[PDB]
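S.K.: Encoded as structure tokens, here's the structure I'll be asking about.
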Amino acid sequence: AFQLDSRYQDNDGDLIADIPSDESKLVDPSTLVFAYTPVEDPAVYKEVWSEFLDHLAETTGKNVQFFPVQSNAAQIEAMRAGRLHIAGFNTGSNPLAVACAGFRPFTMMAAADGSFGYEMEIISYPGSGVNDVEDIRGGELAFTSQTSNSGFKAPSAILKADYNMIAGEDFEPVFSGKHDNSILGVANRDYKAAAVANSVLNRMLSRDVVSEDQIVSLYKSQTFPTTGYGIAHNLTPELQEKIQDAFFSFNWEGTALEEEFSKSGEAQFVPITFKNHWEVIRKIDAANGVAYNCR
Ligand SMILES: O=P(O)(O)OC[C@H](O)CO
């Protein structure tokens, strides 16, 4: 099953690229480049992460730079090419980022009680004439991008397995590029149906990007892990430990981070493993024929 790009080794079998032991292959950058996942306009999250990044700079002794990447593909490539050192990758991109960018995931947000996750929802606007999933037949369904779990792969698998509905035969797919573009397009009646992450939906609703009376939910999936956070495999081990320490030592209380992510139920960073927590995502990837051909 799951295979890393041959440019990486997995000598310990945890499915993630091993930290190099050849010192000429390790990087110790004076500026650490961080990127959150482009589920919305990154300008939304610049100040959300600002204090966290200051803590990261203090813990690691490095300068830190927020990279406002606009698409998953550019984010994956930036880490593969060595320009991006720490990232949160959207749920659906974690297997690809692990396989083709040497991403070493180690944490994920969770509620204060340790519970975690988000669901994909299919949404419409009130009065659209699309009043359940079956009503999508013969119409359009807005997807975000093909590396998205909730915005493409999970809804495609569900519509095919449970509603006898395949893109290009039973509905026409359109791509918005981001969850927030999908959700905005629904509320503004550009889209009669979109598959979106309900975590993002809730945070946009709390920030008044859209209003509750503009969105109706028609479907809610099983629960998935949320954004996985990790490090490019080839930073020095000492630096990677300090980055991990920074994540777990950050005090959320009163911060812009807590102000934002409390709106989708998060309060803390917990450890995860790629092998365990992303098994369900690798299965959905496989159900969509995703091959991880880094090219
Ligand atoms: O459904 P995805 O793959 O777009 O992931 C969105 C967020 O990362 C979920 O936390």
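Labeling convention for the structure tokens: chains A, B, ... as they appear, residues from 1 per chain, ligands from 1 in order of appearance.
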Taking only C-alpha atoms and all ligand atoms into account, which residues have an atom no farther than 8 Å from ligand 1? I'd like them as a PyMOL selection string.

M.R.: chain A and resi 37+39+88-93+117-120+144-145+147-152+179+196-197+199-200+224-228

S.K.: Could you work out how far atom CA of residue 5 of chain A lies from atom CA of residue 32 of chain A, giving the answer in Å with one decimal?

M.R.: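 These atoms are spaced 24.0 Å apart.
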
S.K.: From a backbone DSSP assignment, name each residue in segment 138-223 of chain A labelled strand (DSSP E or B), as a ChimeraX atom specification.

M.R.: /A:140-143,167,171-175,194-197,216-223

S.K.: Can you spit out the residues from that selection as a short mmCIF file (atom, residue, chain, number, x, y, z; two decimals), in the first residue's frame, using C-alpha atoms?

M.R.:
data_model
loop_
_atom_site.label_atom_id
_atom_site.label_comp_id
_atom_site.auth_asym_id
_atom_site.auth_seq_id
_atom_site.Cartn_x
_atom_site.Cartn_y
_atom_site.Cartn_z
CA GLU A 140 -24.02 21.35 -10.46
CA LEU A 141 -21.91 20.45 -7.44
CA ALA A 142 -19.18 22.84 -6.31
CA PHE A 143 -15.91 21.20 -5.21
CA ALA A 167 -19.44 13.51 -11.92
CA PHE A 171 -23.99 16.08 -12.10
CA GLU A 172 -21.54 18.64 -13.40
CA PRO A 173 -18.55 19.43 -11.16
CA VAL A 174 -17.25 22.96 -10.70
CA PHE A 175 -14.21 23.97 -8.67
CA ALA A 194 -21.27 22.59 -2.44
CA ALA A 195 -19.31 20.04 -0.41
CA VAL A 196 -17.39 21.85 2.32
CA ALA A 197 -15.63 21.39 5.65
CA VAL A 216 -28.78 25.06 4.70
CA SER A 217 -27.07 21.70 5.32
CA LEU A 218 -28.26 18.67 3.35
CA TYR A 219 -25.76 16.02 4.48
CA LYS A 220 -23.14 15.39 7.14
CA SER A 221 -20.40 12.78 6.76
CA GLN A 222 -18.49 10.66 9.25
CA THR A 223 -15.90 12.47 11.38
#

S.K.: Please provide as a PyMOL selection string all residues within 7 Å of segment 99-114 of chain A, with the sequence filter that same-chain residues fewer than 3 positions apart are discarded (counting only C-alpha atoms).

M.R.: chain A and resi 3-5+8+16-17+76-77+79-80+95-96+226-233+265-274+292+294

S.K.: Counting only C-alpha atoms, which residue out of A:277, A:160, A:65, A:198 sits closest to residue 121 of chain A?

M.R.: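 That would be A:198, the residue with the smallest distance to residue 121 of chain A.
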
S.K.: A:176, A:129, A:31, A:70: which is nearest residue 239 of chain A, counting only C-alpha atoms?

M.R.: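 That would be A:31, the residue with the smallest distance to residue 239 of chain A.
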